[PDB]
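Residue numbers (my numbering), protein chains in the order written: chain A, 8 to 149; chain B, 456 to 587; chain C, 16 to 171; chain D, 988 to 1324; chain E, 51 to 222.
Encoded as structure tokens, the structure appears first; notes follow it.
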Amino acid sequence: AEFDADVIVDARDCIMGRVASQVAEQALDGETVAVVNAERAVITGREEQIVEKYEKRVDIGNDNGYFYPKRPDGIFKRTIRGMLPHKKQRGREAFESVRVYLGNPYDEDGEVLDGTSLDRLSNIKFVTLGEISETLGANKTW
Amino acid sequence: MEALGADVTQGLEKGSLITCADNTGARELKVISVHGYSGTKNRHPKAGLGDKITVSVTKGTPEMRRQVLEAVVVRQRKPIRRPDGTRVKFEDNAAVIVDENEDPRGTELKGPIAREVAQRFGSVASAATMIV
Amino acid sequence: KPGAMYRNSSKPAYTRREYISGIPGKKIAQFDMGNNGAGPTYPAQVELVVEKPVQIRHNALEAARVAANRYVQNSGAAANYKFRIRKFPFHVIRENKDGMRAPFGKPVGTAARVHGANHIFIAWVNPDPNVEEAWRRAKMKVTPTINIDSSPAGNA
Amino acid sequence: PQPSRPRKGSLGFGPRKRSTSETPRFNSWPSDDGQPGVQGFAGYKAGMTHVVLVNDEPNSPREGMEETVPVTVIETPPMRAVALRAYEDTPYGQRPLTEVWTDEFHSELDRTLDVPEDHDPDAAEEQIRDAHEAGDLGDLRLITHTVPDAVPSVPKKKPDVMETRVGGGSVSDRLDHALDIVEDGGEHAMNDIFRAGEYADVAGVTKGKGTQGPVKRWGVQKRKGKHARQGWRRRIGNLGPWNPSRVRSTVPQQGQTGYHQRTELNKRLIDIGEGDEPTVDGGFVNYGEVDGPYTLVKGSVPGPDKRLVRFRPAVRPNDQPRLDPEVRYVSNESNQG
Amino acid sequence: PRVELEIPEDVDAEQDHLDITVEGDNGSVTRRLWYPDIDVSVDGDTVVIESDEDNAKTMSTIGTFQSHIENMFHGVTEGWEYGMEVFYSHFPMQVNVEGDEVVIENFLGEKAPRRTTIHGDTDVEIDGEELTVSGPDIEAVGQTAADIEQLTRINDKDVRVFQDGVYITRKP
RNA sequence: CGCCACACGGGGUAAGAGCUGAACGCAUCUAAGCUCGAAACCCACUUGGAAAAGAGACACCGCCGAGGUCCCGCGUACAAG
RNA sequence: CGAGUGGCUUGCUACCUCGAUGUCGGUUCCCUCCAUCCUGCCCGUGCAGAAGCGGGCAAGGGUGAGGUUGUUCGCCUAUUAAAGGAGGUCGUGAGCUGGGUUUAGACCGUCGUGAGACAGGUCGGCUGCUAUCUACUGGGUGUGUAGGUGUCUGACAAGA
RNA sequence: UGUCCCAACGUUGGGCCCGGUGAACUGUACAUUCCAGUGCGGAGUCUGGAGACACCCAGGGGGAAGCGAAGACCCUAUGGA
RNA sequence: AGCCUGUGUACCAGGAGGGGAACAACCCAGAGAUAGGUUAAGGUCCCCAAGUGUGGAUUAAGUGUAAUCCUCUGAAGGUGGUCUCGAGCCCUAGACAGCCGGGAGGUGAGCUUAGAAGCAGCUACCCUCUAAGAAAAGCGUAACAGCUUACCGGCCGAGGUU
Ligand SMILES: [Cl-]
Ligand SMILES: [Cl-]
Ligand SMILES: [Cl-]
Ligand SMILES: [Cl-]
Ligand SMILES: [Cl-]
Ligand SMILES: [Cl-]
Ligand SMILES: [Cl-]
Ligand SMILES: [K+]
Ligand SMILES: [Mg+2]
Ligand SMILES: [Mg+2]
Ligand SMILES: [Mg+2]
Ligand SMILES: [Mg+2]
Ligand SMILES: [Mg+2]
Ligand SMILES: [Mg+2]
Ligand SMILES: [Mg+2]
Ligand SMILES: [Mg+2]
Ligand SMILES: [Mg+2]
Ligand SMILES: [Mg+2]
Ligand SMILES: [Mg+2]
Ligand SMILES: [Mg+2]
Ligand SMILES: [Mg+2]
Ligand SMILES: [Mg+2]
Ligand SMILES: [Mg+2]
Ligand SMILES: [Mg+2]
Ligand SMILES: [Mg+2]
Ligand SMILES: [Mg+2]
Ligand SMILES: [Mg+2]
Ligand SMILES: [Mg+2]
Ligand SMILES: [Mg+2]
Ligand SMILES: [Mg+2]
Ligand SMILES: [Mg+2]
Ligand SMILES: [Mg+2]
Ligand SMILES: [Mg+2]
Ligand SMILES: [Mg+2]
Ligand code: NA
Ligand code: NA
Ligand code: NA
Ligand code: NA
Ligand code: NA
Ligand code: NA
Ligand code: NA
Ligand code: NA
Ligand code: NA
Ligand code: NA
Ligand code: NA
Ligand code: NA
Ligand code: NA
Ligand code: NA
Ligand code: NA
Ligand code: NA
Ligand code: NA
Ligand code: NA
Ligand code: NA
Ligand code: NA
Ligand code: NA
Ligand code: NA
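Listed below in structure tokens is the structure:
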């Protein structure tokens, strides 16, 4: 609820990792960022394998635990954490001043970062974060 | 198998020595197995009323002794619950030697028999003197 | 025993029979097959060319040679062709069959050393290459990957 | 060779800790099929006695004959839906929107809540209806509560509150239905929801037994043979293998046993009556005498005498309902002796 | 590459984005034609399948799009039909169409009826021991036929002995 | 040792059975697309779960007073708590 | 004949420990692997059916009770859908047991001049410790979220 | 015949809370760990990740190659008896 | 064999610092203090200093993002997955494929054999009509029939085949 994002990024039809990479780089420069339409972000690859990885991540674990998100919500955020030294003071700060949302709760339309967009016309081997989540068993709350 | 029309508490185990309620020449029986039964680690295979068991002849005529025959549990000392909530228990544990087709190897059945046994083994039943 | 035990050319040359005894006999039956009465007067001459220096146990040779010749009976027991295995198992081989104490092994067999690109087998045939098939079955029983090469034959 | 054997106890009811609310909280509700209606009701366990019935089962070779059934008696006096709570769908699941309360409150509902003195029923009702219009209205449920005072055998007067979902035809039709119920005084009865012969899922916090050993807590064996005389009798062989070098949570250990919530599926409602017909001579042991609205549930029911139990129309029944079973006899013989 | 398909006078074909719809006296069929760098467009009188690449995988699809479209043309006009013949040896097999799904009863003495749901606007008209599956959508139809035949599939016993079942008699 | 209760059904797949279909006019279950299909996978169901640091939501009561601790009689609870 | 995978068997090596990392078997209790014995779905058949045989996916669940032997293994019996195998310090002695191995007593056989020996057999022959840390099972007290009561949500977690 | 199937309940002394009395073993340091990897090839401390708010009570002992004993086995000593 | 035993040499031992995730001996590098600068190995999407650098091509397997190595496996054998380069032959006198039509007669050749008629076996394999058409390449029949290959013509239209 209410997040003064100096920058709002739209992930729709954007390569998750390429977005995450830049979103990290900015948050570490002190920028408050909000990622919008997570459920519509995409990651290239053969769907079947891609789901095997993510599914393997949900299954990993023991008493100590290995909490892995199922919602395209977390998925994106965990993807971004992996690009920040989240256990240092600086990093945790940069990670906390960032937020990912399902769809868009703002009025403004997010911008599209350069080099993160995927042309659906010249591309068929890719997957939607949402699609991934539905397989993992999440609750399509979007 | 067909529903016995009752709830049974297996009063017998493998190794158990019961009475041979018939005139086959077999006096005593030794329970060796229980048809269709699979227990659990450490659990002694249990057999009760209306169960078709495999047996070995402990006491009787020389030619009947040591033979591995099949049979049916006709009576037990441990109580059995009938549809109306009553309990029924007998004076001993006895069974009757039977064949491949489940027909009594003998001619006559000595002593009483639980009605329930009828609903599973006709010929055995239709061979009974007293059916409680 | 496995080929992995003697397929490499990493030991010195061990061939002097004047200093070796107890050499098992070669399992290889013949080196000249087909019409050995006639000479290489054939139109077509294909060759089985090995692609990596290796050692080939007389075991492998016999099995590789039979499999091809035995198969070259798509042409008849007295067919018109001449088959040739130009290598002989000279290199003697041992095995240490005490642990590593006094481990110089005891002669257990012989193997022929083939360098990569040499032709181990040569067949002569008129435009009737069933031979090309006799060799897909031969390099099937030798360690190395092989090249089936045709020399005099532009009747493609 | 080491024979195989299934692990001891289930890992589906854990952790095995004391329950948060002595009052049960369903985490699943029936499907919205028939007409609008409250999907639940409660009461207080009293005890057990048997009843003779007419084989009702059509596929039974005994259908039509006598048959003794064990029944747990449950005092199910009326309850009161004091409010209608609305939930809105959101990117993060369902969230409570607002509530519609009443003014008529049971004399002693303030022993638990801070009863409303100023509430705007219509604004609430409006807010909801504007949500529905926008189509962000999530399911609808009623804040209800019991009247322990109606039950003499139960010492408490402080009411037990619990939210219960209302399933009905259209959302609009059941929204209204809800409001109607609340507005009155919220007063409803077991008859208004269940009918004898139907199946219901009975929730409730089991009987507590404090800390217990693995043998009883998980059903692991006792030490056998000579092993039982050596200084170990009811302790398990080992807490695990050398590696991994840690004790895995799946290994049976001592702990809090009992007083856990349990939702017991497909219980048949043998009869819903009123009076003292089911009561036993001398009085139900450690409970008292029954004489008012009650229910007769087949079999057993989690929890100890006096505990609040919760009913719900079975969510996954196996049989078809065979309404109003003929009861030829109910035993009133003393539960003492 | 670029292929041009002249649409039949009997037909109208429109297309927005990756979806193509063809309408004729026999009906309308829409299809998604999506493949890397392959543009499909309705140029007034002709449908054009074009791409800037020529590697085998592309040409492969191009050809697939072509036939796909032509099959649409054919469907909205002449249509598609598959002929089928119910056949039994001992148990009279009863095939009826009930709702949007054909039902087969008493198959091999079976008490439990066997059924399958028809696909799309496919008509399964049954007359005696003959069936006729028809529709403007070849995909739907072809599958409806196939399913029907599959519905009497048998694995448990010898097929050469147990031949009961409905089979495709005539392929469009 | 007694008694009661413990699904089905959806969704996506493996092997596999097929549809449409090209590269390769034909053919082809696959390359693009699609129909089906395992006790296995997801959901369903039970149980735990605001310490989920994005540390939640709602209603009412209260901020000089709402509610709570101690106190007293007891347990549907309990090794202390 | 040729190419491999595994790390259950056996051997090789002598890297790790001789100011000690308690032995074999069993037992108890927990997790796993698939190269699948049963159970589900399939393909082939020298597939009529029934019963099989071979093969593919699949590790969710199951895989039990006994007679001789310290045995692992294995032999044997009767049941069984089937009575699969393997890893976890040949899992598991700050858990058990102590039959075997492997002390001191003693016998027999073989060897030895002898003391005495045995990769032979045999009878007898001991199982320590109050848990600091960590781990987990359950149970509390605080602090953070920032006045109270009641009712929930559900990120995720467990299940056979 | 409770050795077992298969465990139950009960009795007494402890155990748990309170008053009083009041040790010892052990301790290079640090220490909330888990999954992998690496390393003299058997890591709470290295490396990568995961998890982890602090304190306390009881428990049964998985790990600290836990504590206890300069290894009794084996070899070596121009050792001893 | 992270085995045993030589040899030459450089290193560790006794060698810091930079890189390699960590890691005696692999890469740079041999190092008094402090200071500024420029590089070496290695690296430039983020974690993380520096390119989401340029021209061009391949790969769809997450292959791969792994110099060396106990450490990074992957082999013989297979692939109309795809890209590139070459050679021979055929083709608008119409190729390659598909579809249509034709596939005739002497004659069901002789011989054997009850029988055999393209097709059990043996021998031969001749000429007519024609734009084609075997004394028949594969099925099929008890033997016939029937179904097709070879061979010819048509439709079609561009490259095709090895
Ligand atoms: Cl976990
Ligand atoms: Cl970090
Ligand atoms: Cl693509
Ligand atoms: Cl048995
Ligand atoms: Cl034990
Ligand atoms: Cl120097
Ligand atoms: Cl990946
Ligand atoms: K040692
Ligand atoms: Mg046992
Ligand atoms: Mg003891
Ligand atoms: Mg009583
Ligand atoms: Mg009584
Ligand atoms: Mg069969
Ligand atoms: Mg130890
Ligand atoms: Mg497998
Ligand atoms: Mg498992
Ligand atoms: Mg035993
Ligand atoms: Mg061990
Ligand atoms: Mg074990
Ligand atoms: Mg010990
Ligand atoms: Mg231990
Ligand atoms: Mg101890
Ligand atoms: Mg002993
Ligand atoms: Mg002994
Ligand atoms: Mg002894
Ligand atoms: Mg703080
Ligand atoms: Mg770390
Ligand atoms: Mg020493
Ligand atoms: Mg000694
Ligand atoms: Mg001396
Ligand atoms: Mg030194
Ligand atoms: Mg930077
Ligand atoms: Mg890889
Ligand atoms: Mg390499
Ligand atoms: Na990707
Ligand atoms: Na996980
Ligand atoms: Na020696
Ligand atoms: Na080879
Ligand atoms: Na003891
Ligand atoms: Na004792
Ligand atoms: Na140990
Ligand atoms: Na399914
Ligand atoms: Na909170
Ligand atoms: Na290997
Ligand atoms: Na080994
Ligand atoms: Na030591
Ligand atoms: Na042991
Ligand atoms: Na399994
Ligand atoms: Na045994
Ligand atoms: Na032991
Ligand atoms: Na011990
Ligand atoms: Na006792
Ligand atoms: Na421990
Ligand atoms: Na040096
Ligand atoms: Na380094
Ligand atoms: Na990868």
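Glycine is no exception: its CB is placed at the ideal position from the N, C-alpha and C atoms.
Among the options, which one has its Cα closest to the Cα of residue i?
i, options, result
"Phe-10(A)", "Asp-36(A), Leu-120(A) and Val-43(A)", "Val-43(A)"
"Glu-483(B)", "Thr-513(B), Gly-466(B) and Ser-493(B)", "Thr-513(B)"
"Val-1056(D)", "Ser-1321(D), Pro-1045(D) and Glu-1313(D)", "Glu-1313(D)"
"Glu-457(B)", "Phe-576(B), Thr-584(B), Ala-583(B) and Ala-582(B)", "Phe-576(B)"
"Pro-39(C)", "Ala-92(C), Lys-121(C), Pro-58(C) and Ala-28(C)", "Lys-121(C)"
"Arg-1067(D)", "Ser-1094(D), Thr-1059(D), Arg-1082(D) and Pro-1078(D)", "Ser-1094(D)"
"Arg-81(E)", "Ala-190(E), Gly-129(E) and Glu-103(E)", "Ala-190(E)"
"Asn-1042(D)", "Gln-1081(D), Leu-1310(D), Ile-1061(D) and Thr-1099(D)", "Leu-1310(D)"
Can you check whether the C-beta of residue i is within less than 8 Å of a C-beta belonging to chain D?
i, result
"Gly-110(A)", "yes"
"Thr-148(A)", "yes"
Against chain E, does residue i count as a neighbour if the rule is that its beta carbon must be under 8 Å from one of theirs?
i, result
"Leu-128(A)", "yes"
"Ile-131(A)", "yes"
In chain order, what residues of the same chain lie with their CB nearer than 6 Å to the CB of residue i, ignoring the 5 residues before and after it?
i, result
"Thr-160(C)", "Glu-66"
"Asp-197(E)", "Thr-166"
"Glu-1044(D)", "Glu-1050"
So is residue i buried or exposed if we call it buried at 16+ other beta carbons inside 10 Å?
i, result
"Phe-119(C)", "exposed"
"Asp-477(B)", "buried"
"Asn-121(E)", "buried"
"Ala-526(B)", "buried"
"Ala-569(B)", "buried"
"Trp-1229(D)", "exposed"
"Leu-998(D)", "exposed"
"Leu-109(A)", "buried"
Please check if any C-beta of chain B sits within less than 8 Å of the C-beta of residue i.
i, result
"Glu-1054(D)", "yes"
"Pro-990(D)", "yes"
If you draw a straight line from the alpha carbon of residue i to that of residue j, how long is it in whole angstroms?
i, j, result
"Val-587(B)", "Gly-1324(D)", "29 Å"
"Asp-75(E)", "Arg-210(E)", "44 Å"
"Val-1058(D)", "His-1119(D)", "44 Å"
Using a Cβ-Cβ cutoff of less than 8 Å, which residues in the same chain neighbour residue i once the five nearest sequence positions on both sides are dropped?
i, result
"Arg-85(A)", "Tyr-75 and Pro-76"
Please confirm whether residue i has its beta-carbon closer than 8 Å to some beta-carbon of chain A.
i, result
"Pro-51(E)", "no"
"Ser-1236(D)", "yes"
"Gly-996(D)", "no"
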